[PDB]
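S.K.: As they're listed, the protein sequences go chains C and B.
Using PDB author numbering, you'd call the opening residue of the first sequence number 5 and step up by one each time.
Using PDB author numbering, you'd call the opening residue of the second sequence number 4 and step up by one each time.
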Amino acid sequence: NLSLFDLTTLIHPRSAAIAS
Amino acid sequence: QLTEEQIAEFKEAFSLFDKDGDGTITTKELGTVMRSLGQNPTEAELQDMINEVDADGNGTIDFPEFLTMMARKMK
Ligand SMILES: [Ca+2]
Ligand SMILES: [Ca+2]
Numbered sequence: 005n006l007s008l009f010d011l012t013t014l015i016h017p018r019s020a021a022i023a024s
Numbered sequence: 004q005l006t007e008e009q010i011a012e013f014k015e016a017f018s019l020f021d022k023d024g025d026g027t028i029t030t031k032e033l034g035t036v037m038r039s040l041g042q043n044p045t046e047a048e049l050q051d052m053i054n055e056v057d058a059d060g061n062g063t064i065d066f067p068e069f070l071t072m073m074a075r076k077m078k
């Protein structure tokens, strides 16, 4: 149920913050 | 509005998945990352995750596909 994007936000939160 | 700083961050994230550095993320590399997070995916679940972003249908994720996905989430 987790997507590749979801896993990216877990392992690279800076990439996460940029997306949000 | 994708900046060079953002592309650098996304490339770094990509490299965290691309364990062997060959430029593609495989289901094996995805599984290694998931299990290190305490997850327990099947191969079919991993292939499902790849398929959602595998723009060219070759079964692995390259950096252009990864960047395209991150750029879409930005919009
Ligand atoms: Ca690889
Ligand atoms: Ca591909």
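C-beta atoms are modelled at their ideal positions from N, C-alpha and C, and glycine is treated no differently.
CA-CA distance, B:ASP21 and B:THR63?
M.R.: If I take the Cα positions, the gap works out to 10 Å.
S.K.: Under 8 Å Cβ-Cβ, which residues of chain C neighbour B:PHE66?
M.R.: Result: empty, since nearest Cβ-Cβ is about 13 Å, beyond 8 Å.
S.K.: Does the segment 16–23 of chain C come within contact of the segment 15–31 of chain B, defined as at least 3 CB pairs closer than 8 Å?
M.R.: The segment 16–23 of chain C is in contact with the segment 15–31 of chain B.
S.K.: Closer than 7 Å to a non-hydrogen atom of ligand 2 - does that hold for the CB of residue 84 of chain B?
M.R.: Residue 84 of chain B lies beyond the residue range present for chain B, which begins at 4 and ends at 78; the question has no answer from this structure.
S.K.: What does residue 2 of chain B pair with, by DSSP beta-bridge criteria?
M.R.: Absent from the model: residue 2 of chain B. The displayed extent of chain B is 4 to 78, so no value can be given.
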